[PDB]
Amino acid sequence: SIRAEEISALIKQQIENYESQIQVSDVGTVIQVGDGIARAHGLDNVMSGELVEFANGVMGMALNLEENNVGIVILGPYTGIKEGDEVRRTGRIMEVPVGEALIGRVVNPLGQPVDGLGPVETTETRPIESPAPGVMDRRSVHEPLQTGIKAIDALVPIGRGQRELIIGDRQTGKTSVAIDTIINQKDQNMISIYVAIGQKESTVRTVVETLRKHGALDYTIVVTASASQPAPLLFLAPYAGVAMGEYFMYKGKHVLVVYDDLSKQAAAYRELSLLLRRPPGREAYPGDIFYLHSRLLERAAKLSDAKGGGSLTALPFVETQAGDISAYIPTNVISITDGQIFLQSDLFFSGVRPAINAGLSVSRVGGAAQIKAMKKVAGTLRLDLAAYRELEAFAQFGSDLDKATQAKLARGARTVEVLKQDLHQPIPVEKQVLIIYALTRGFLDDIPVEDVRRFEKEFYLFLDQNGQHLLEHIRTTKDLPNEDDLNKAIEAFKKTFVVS
Amino acid sequence: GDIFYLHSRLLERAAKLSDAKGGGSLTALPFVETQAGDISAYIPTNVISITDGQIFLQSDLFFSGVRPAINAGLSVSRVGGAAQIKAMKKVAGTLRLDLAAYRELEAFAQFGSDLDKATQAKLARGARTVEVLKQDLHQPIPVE
Amino acid sequence: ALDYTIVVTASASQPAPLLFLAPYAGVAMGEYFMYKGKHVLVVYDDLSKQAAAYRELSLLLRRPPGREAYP
Amino acid sequence: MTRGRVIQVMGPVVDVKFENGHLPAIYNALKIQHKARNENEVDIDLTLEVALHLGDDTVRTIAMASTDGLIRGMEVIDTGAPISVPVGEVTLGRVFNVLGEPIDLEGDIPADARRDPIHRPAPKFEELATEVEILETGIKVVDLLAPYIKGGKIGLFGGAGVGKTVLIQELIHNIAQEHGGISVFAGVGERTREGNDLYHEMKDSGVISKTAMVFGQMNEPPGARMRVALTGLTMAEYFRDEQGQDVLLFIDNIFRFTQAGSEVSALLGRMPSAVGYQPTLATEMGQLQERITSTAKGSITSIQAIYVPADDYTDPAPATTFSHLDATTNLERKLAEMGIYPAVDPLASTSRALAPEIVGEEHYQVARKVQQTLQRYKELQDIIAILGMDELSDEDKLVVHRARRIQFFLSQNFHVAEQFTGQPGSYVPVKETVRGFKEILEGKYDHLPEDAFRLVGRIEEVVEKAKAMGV
Amino acid sequence: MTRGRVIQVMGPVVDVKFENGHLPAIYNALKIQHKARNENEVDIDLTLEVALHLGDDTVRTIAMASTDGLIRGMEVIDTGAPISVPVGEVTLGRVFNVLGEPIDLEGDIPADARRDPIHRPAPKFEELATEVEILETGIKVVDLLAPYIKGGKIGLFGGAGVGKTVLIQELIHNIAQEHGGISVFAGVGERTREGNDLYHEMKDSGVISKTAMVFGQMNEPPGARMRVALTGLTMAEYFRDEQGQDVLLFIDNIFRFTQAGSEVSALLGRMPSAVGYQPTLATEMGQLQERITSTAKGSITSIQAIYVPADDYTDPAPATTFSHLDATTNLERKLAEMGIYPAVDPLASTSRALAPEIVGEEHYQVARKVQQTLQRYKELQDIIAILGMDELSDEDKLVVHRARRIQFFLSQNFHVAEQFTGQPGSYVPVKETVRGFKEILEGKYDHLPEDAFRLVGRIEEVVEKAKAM
Amino acid sequence: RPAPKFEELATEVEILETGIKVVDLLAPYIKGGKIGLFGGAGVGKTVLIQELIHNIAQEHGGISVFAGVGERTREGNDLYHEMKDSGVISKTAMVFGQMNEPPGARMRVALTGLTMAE
Amino acid sequence: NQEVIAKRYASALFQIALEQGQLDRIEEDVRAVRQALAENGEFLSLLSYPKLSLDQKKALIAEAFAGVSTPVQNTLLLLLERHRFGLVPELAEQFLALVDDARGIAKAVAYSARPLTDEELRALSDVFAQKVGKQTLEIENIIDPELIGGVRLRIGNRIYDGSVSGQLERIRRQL
Ligand SMILES: Nc1ncnc2c1ncn2[C@@H]1O[C@H](COP(=O)(O)OP(=O)(O)OP(=O)(O)O)[C@@H](O)[C@H]1O
Ligand SMILES: Nc1ncnc2c1ncn2[C@@H]1O[C@H](COP(=O)(O)OP(=O)(O)O)[C@@H](O)[C@H]1O
Ligand SMILES: [Mg+2]
Ligand SMILES: [Mg+2]
């Protein structure tokens, strides 16, 4: 039953001046160090959640303000912190430097520049833990978040302000879907933020380079917490991403924040809680592993018009194990978000990329977010895929009745060939509308399966030089053009297209 | 540690005293609620190893129409025979025999070969035993 | 066979340290003949009993237990 | 004139030390109002409630908001009572916080209003009322196989993303307008989005001015997510005690009550129980759950969504709340993945009100015959999985042929799910779903395709949808 | 002064107390050297790694050897740095343990050699490589179907009897031949007789004069086996940073690394997380495998055998390694018994690199067509079994007659197998193997017999083996 | 007391002849060995126990000892009245510490029956 | 666990007594306090009583220990506030154990059958003080007659048995 503050020289300096009054200090000395978690006697004017600075220069967050010691969590490399180092308190509660001058930089969860392009001149700080927008602070999601992926923008559409989980196994294309929906925001007024949690530094470097190639760093901010970084920096990367997005949200700008593998944050918080000897629960995650992600993702709102109208749309990622959507962390994050995009593994092995299982991918709030043309076009798209998948699940061989022989199977094969994309090439929404129109109305029933991709590739170049009236109509009025002219345009391309 | 001792300390108190002590008895009926029908849980295997037999109630037999839901194949009595009257004993013997026979022969009747008459008579007998052993709610029957 | 074999016994009625020290006594009796140049065959009947007795020793000495309380 | 210092601050949990003989009590509210003397301090307006006594004049508390900013040695003002909540018909048409304060931006409740404490003992045995009457909902699984009791507690067990918020919103859409008595929606620990959609639906559908709303949604620290169910409950207890009024009380995710208890219980000095839950898991949800009762003065009919973590119905937080509920509807992930909405397991769902002296003999035997055919098909699942349909002995083929129709006809299109799919939704009376299931079991609809029965209100619409398919 | 004093000894865990303000930092090394002053005491040379700080001026350490003989009160010397391991040219050809001491009987490294610390932060975001370059191994089935990356992590799922060590020796030979790249082997917790077998095979091969080995084998305490991959990796980092060259780094059975850290954490008294793993599973694996990257000056690529406990890929010890893997090369026994060397399974070996942006368009189309023809031929096995070889069709008979040529062409003559079969062996570049599989898939080399395609380097010299027969 | 030592034991395996044909043929009993009965009720476990006691005390002159360690006071009383009825009781010594007793008594009942047999 | 927590307090009081330079006035006072608290045991039950406030207990110590030294009084008033007044005699005994290492004196116990004269006691004290390294050595004799005409000396934890150990080693080496 030993208490940690029972240190011999410390007891000696306590019976230095017991009854004689001693003015209390705002510095403290470390008692214990280990596993990125320290304790310090002293610091009685510290407050809960304050940034404290070690003599090394490493920051720290004071979690537990116990009776004679302060439980400090070391935010950085802790191998230079010894017992006896003095801890100095700053006076701020978990602030990251946030500004307009942070756009295009790659930072750690404490707002320090990691890419090595010099300092970041910001004048304003934002707290990491802050209350979410309340029930009267919000507004219903009505603005489209255009990803440029046809399967997302048609089947599971994202609104500006909703939280949609992107879920799937390892090597199923979650990061590519993120970088595609970040590269597509170049024309829009979206400020993207990519938060990489527990990834390899090599892949984060290639991610940042493919963002720099497509001009995406004019609006995106990369918050990097590596796999080699300690769990206190992994735990704070999404909160730093949200705190950097809220500056632009509460000024009226629209922010997209992407969390690559929140399962890594949950595992690092399991680490940070078990090293604090908090008793674990199901799958050894702590009791507040739900509250870990709910304090994060409920802070992503569509604000009302009384508060400026800004929005934080969040795309968190959860990595399953063998396609298990009924695990503990996937079902914790499903019941926080407004939908899921289930990137299935064997559809990714068979070649369907993006490999969206459209049966299990739902968008709750989306559907009021489609652009009034994608509604008309995709409402007859979704059931073709649904019927096609659950009848190719059994009808592999044997002759079938002519409806279920061709008008289901061949139409579904044309849907699958329509919805495939190559990565880092986002399609604008009007060309998605016209291709899925030419699919669903029946203009791809003549063209064989192997030519749908080249039909789409040449049809886009056809549209860019002839159908500017169609594309400008879908830009301005957001509705489908009059179907006589549009059928005339598609038949005018089918007269030109050379079938192979 | 003493959760078995918790249940056994009260379930041993239910006794039948001898004629020197007055002859008065105390029979007990403890209940244990399983979780998705795992007999192999901790508190069920502590209470099963104290009581003098058990009556397994199953939802598979509750929704197939057999109310009361007794799995009489797995349900054990550890007195049994010394409890019953002579008239119940004489006929409960052959009822247990042909209900066990029907529980064995029903295994080979869900698909396939459409068994011969020599045990189809036993299956019809056993279906009539199952239909006899049903009751309503709060209608107890005397022994006669 | 008792012209060339040695039998080392830690039966179940002995305490857990003798059960723990039986196989190390086996190799310590075999390595003499090994470094003199002979060829030795040492047979450890039920090392799981030895692992369970070391589990008992580590638990009664208040050491932090791992999986199945093996230290 | 007795105040107390702060000794320890441990996340949600604060230690407070008073003078000798002036400890408040358990469950009293403690206030902190600090004024940020210098630039190294933060303004604090924080309320604490007492959970324990520890000896040496110390008090183990649970905070109701975020403790980020508390300094050791900060003074605490005692109140001398639990968290008192403004109550009455002032609460009708307003949205509230955990502390009783209004959040709906329409003004503040005056200080001279009547305030009831959150914590009180349960209603006694002599006061309760046990008359069983059926609440008609218009949902075919609920009306046929697990009827709801007008004045008893009701559960909506589901996993994550399986359909219980849609089911609770359609029960509001089918019940709360025509109810003729006070509603209380206390949302415990669900999406703050769904507190906004639901409030604007109450505004434009004109339900509100009879509904009091209490939101302690999932952004709140767990001290708020515990006591939110109790402040919504004391708002409803005013009506059924003082006014004798029939009360609806919808609680969304009463699981989050026990989860928020589990988050604080490690820091309260308690040992962990099995599965990481607090030791008092059965009595913290017995002191809440025995105050939602229908007494002799008035009746509370309460429908409670209950989350089931990791789709594990054997978890101790859903398993110890089956013993509190009169009617349950156990949603299943498999039925939602087959497209059967509501995803109600027809066999795991039970009720006190499915008995012939209450529900009628025709209703009762049609419900039992439906359960019998679905259980026989559930026994045939393995043979159908491995060997296929071709081995079954011409009565089992008929049982499968009827049970596909039954488990698809239990699915229904909702008014809430009009925004999902465009299909306008249906309300089905009890006698018509009894007649439709009797006509399915008679064999009157064996010639129709089995996909003609999905998402259909009544069986004339089965006939219409099968004609539109082209049979 | 930095002299210490032992307080507690309990298994490997040793508590050492210094004076105030003279504490050692975490991960430092502590030399305990004791000459026994009487017949009671025992001579001790023993190194400790600082792991925690307990307060009361004490320090909890984990041990690198056996703690038998440690007396409460004996002197401990603080090194002032973590475990310093010799690097340079003096490590090539030498077998080392975790402390950087030579296991061999060849000699000792002098004290004036360069020794660099064992624990180092990973190379920063500023210093990495922006692009993804290909690592050209000269094996055809590797360079065509599961290509490697400079700075990659590759998984071997072979086991014994499939020629895992033959691939290891040939990758060392080919990279040190063509790329000028030193290799480093690191056997994290492996059988000692198999370590000696591997050393004698690499001595007979002649590959060793270019590699360096580290064996902290199974007999050593868990504090040794947790730090063995780090002292193979510190030897690789000298040739990455100071020399600037493409270095291999073989970690045999990295599951031994994960469970060595697990039992270290169980000895240290931490609460175990999911599946018995140390709470710090993903961050210990990250502190290993984020130093295996390609920087601007050189690279370290890594080939890592993976245990796959109770053969599920969802156990946390395979799952936190598979999130760092860039490629897998499955070795199958039925391809070694067929006569195809190497025994790389062509359909189960996958790669993240095999994509047209990284590798190229022609390589990608040829590789995917090879996988399609071998998949069709693997489907046709039961049809050949029940219908016989004839009467299938013309098309799938052409598929079998094409795909068996492709399947036997995937075998090479290694430089390693020259002392076994007498054939000189070949390094096949990636452009010539893409051209060779393209010319096979066109049908240009269809008329040649299939035993000319076995054990042949490239496509220009299958004509001579068809000419000799 | 400690177990008997290494040189005090018997060097050969001898067979405890029971007189029961299933036991004598298909599962013989070591004279000095440890046997397992796996039976519930209705299988005549008490009748098998009684004929073991009767045949051993008839043909070998061997006393038996029943040590009932924490099992069902009702079955213990049934077994004692069947000892009295069979008349083989005058051969056995009975020790009962049942489920109703604290676990110290259930710990030491097997050892006090053992020190009565020794 | 109690003895090491007593050792921490005793080492802190030892460091402040060595730093303040008032070592004898601390040592004799802690010896008197240890004797007074070993005399009566009801004082701990008086100070463990909950209805007495902490100021009343502090005034009770300040009245009852009014003559003690100031660092000792500060140490005991810190011990009271930590609920560690049940740990004070062990830390007093370990403080007197640790102060004799500063004085260099060791305490030895000699079991002799006959009471030895003071000259031989001083001779063995000087001899084993030169052997063990002490400046002087304190010898405590006993009147236990079980030894066979000899004396056995205990230097801390290392003993010098030469009275019946001769016959014991003789009957051990004979068999
Ligand atoms: N639409 C696409 N077309 C072609 N290739 C694609 C497409 N989408 C993704 N890929 C490829 O799939 C590979 C893996 O995808 P990605 O790494 O984004 O998935 P991930 O879940 O992030 O993997 P990990 O979690 O292991 O990092 C990438 O190399 C990428 O090139
Ligand atoms: N009656 C229904 N008809 C169609 N879809 C439904 C129905 N009920 C639920 N769903 C779908 O199932 C999901 C259930 O989500 P919801 O019930 O709101 O979350 P939770 O169950 O976690 O509270 C919704 O996304 C909705 O798309
Ligand atoms: Mg990714
Ligand atoms: Mg919900």
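As deposited, the entry is annotated with cryo-EM as its determination method and 3.2 Å as its resolution.

Novice: How do you make sense of the arrangement of the chains when you look at a structure like this?
Specialist: Taken together, the nine pairs of chains in contact show their highest number of contacts between chains A and D. You won't find any contact between chain A and chain B; their C-alpha atoms come no closer than 17 Å. Nowhere do chain D and chain F come into contact; their C-alpha atoms are at least 24 Å apart.

Novice: Help me out: how do you make sense of the site of ligand 1 in this one?
Specialist: All names here are of chain A. Around ligand 1, the structure places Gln171, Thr172, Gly173, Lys174, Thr175, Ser176, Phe348, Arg353, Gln421, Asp422 and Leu423. Side-chain polar atom of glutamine 171 to an oxygen atom of ligand 1: 3.0 Å apart, as the coordinates give it. Residue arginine 353 places a side-chain N or O atom 3.4 Å away from a nitrogen atom belonging to ligand 1. In isolation ligand 1 has 630 Å² of accessible area, and contact with the protein removes 80% of it. The biggest single contributor to the shell around ligand 1 is helix α3 (residues 174-183), with three residues. Its residues assigned to classes, the shell around ligand 1 shows two nonpolar, six polar and three charged.

Novice: So what exactly am I meant to see when it comes to the packing of helix α5 (residues 231-249) of chain A against helix α7 (residues 289-297) of chain A here?
Specialist: For any two helices packed against each other, the geometry is given by the interaxial angle and the distance between the axes. Residues and elements named next belong to chain A. Running from N to C, α5 and α7 point in directions that differ by 15°, and their axes come no closer than 10 Å. With respect to each other, α5 and α7 are oriented roughly parallel. In the crossing of α5 with α7, the sense of the turn from one axis to the other is left-handed. Residues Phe235, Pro238, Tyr239 and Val242 of α5 pack against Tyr291, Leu292, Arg295 and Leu296 of α7. For the contact of α5 with α7, the per-class residue count stands at seven nonpolar, no polar and one charged.

Novice: Please explain the site of ligand 2 as it appears in this structure.
Specialist: Surrounding ligand 2, one finds 13 residues, the nearest of these being A:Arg364, D:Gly161, D:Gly163, D:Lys164 and D:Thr165. Taking D:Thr165, its side chain carries an N or O atom lying 2.5 Å from an oxygen atom of ligand 2. Protein contacts shield 91% of the accessible area of ligand 2, which totals 570 Å² for the unbound molecule. The residue makeup of the shell around ligand 2, split by class, is seven nonpolar, three polar and three charged.

Novice: I tried to follow the interface of chain D and chain A on my own but got confused; where do I start?
Specialist: The partner chain A presents 52 residues to the 49 residues of chain D that form the contact. Only β1 (3-10), α3 (192-204), α5 (255-265) and α8 (333-337) of chain D provide two or more residues apiece to the side of chain D that touches chain A. For the side of chain D that touches chain A, the element with the highest residue contribution is α3(D), accounting for five residues. In terms of residue class, the side of chain D that touches chain A is built from 20 nonpolar, 13 polar and 16 charged.

Novice: Even after reading the chapter, I still don't get the packing of α5(A) against helix α6 (residues 262-274) of chain A, so can you show me in this structure?
Specialist: Residue and element names in this part refer to chain A. Packing of α5 against α6 leaves a shortest axis separation of 8 Å and a crossing angle of 135°. With respect to each other, α5 and α6 are oriented oblique. Here α5 and α6 pass one another in a crossing that is left-handed. Along its contact with α5, which presents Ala231, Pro232, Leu234, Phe235, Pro238 and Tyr239, the element α6 presents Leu262, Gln265, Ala268, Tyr269, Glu271 and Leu272. When the residues that make up the contact of α5 with α6 are grouped by side-chain class, the tally is ten nonpolar, one polar and one charged.

Novice: I keep staring at the sheet that holds strand β3 (residues 151-155) of chain G and nothing clicks. Help me out?
Specialist: The pairing of strands in a sheet happens through backbone hydrogen bonds and is either parallel or antiparallel. Residue and element names in this part refer to chain G. In space, the four strands of this open sheet follow the order β2-β1-β3-β4, with mixed pairing throughout. The sheet is open, and its two borders are formed by β2 (137-142) and β4 (158-160), each paired with just one other strand. On average, adjacent strands in this sheet sit at an angle of 20° to one another, irrespective of strand direction. In this structure, strand β1 (residues 106-112) lies alongside β3, joined through five bridges in antiparallel fashion. Looking at the pairing, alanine 108 lines up with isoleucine 155 of β3.

Conventions and cut-offs
Residues numbered from 1 in each chain as written, not as in the entry; some residues may be left out. Chains lettered and ligands numbered in written order. Part of a larger assembly, values for the part shown. Heavy atoms only, no water. Residues with missing side-chain atoms left out of burial classes, pairs and counts. Contact = heavy atoms within 4.5 Å. Near = heavy atom within 4 Å. Polar contact = N/O pair within 3.5 Å; in protein donor to acceptor, adjacent residues only side chain to side chain. Areas by Shrake-Rupley, 256 points an atom, 1.4 Å probe, with all protein chains shown as cover. Helix = DSSP H or I, 4+ residues; strand = E, 2+ residues; numbered from the N terminus. Nonpolar A, V, L, I, M, F, W, Y, C, P; charged D, E, K, R; others polar. Axes fitted to C-alpha atoms, helices over the stretch in contact; angles between N-to-C directions. Parallel < 35°, antiparallel > 145°, perpendicular 65-115°, else oblique. Left-handed = near helix turned anticlockwise from the far one by under 90°. Pairing = 2+ DSSP bridges.

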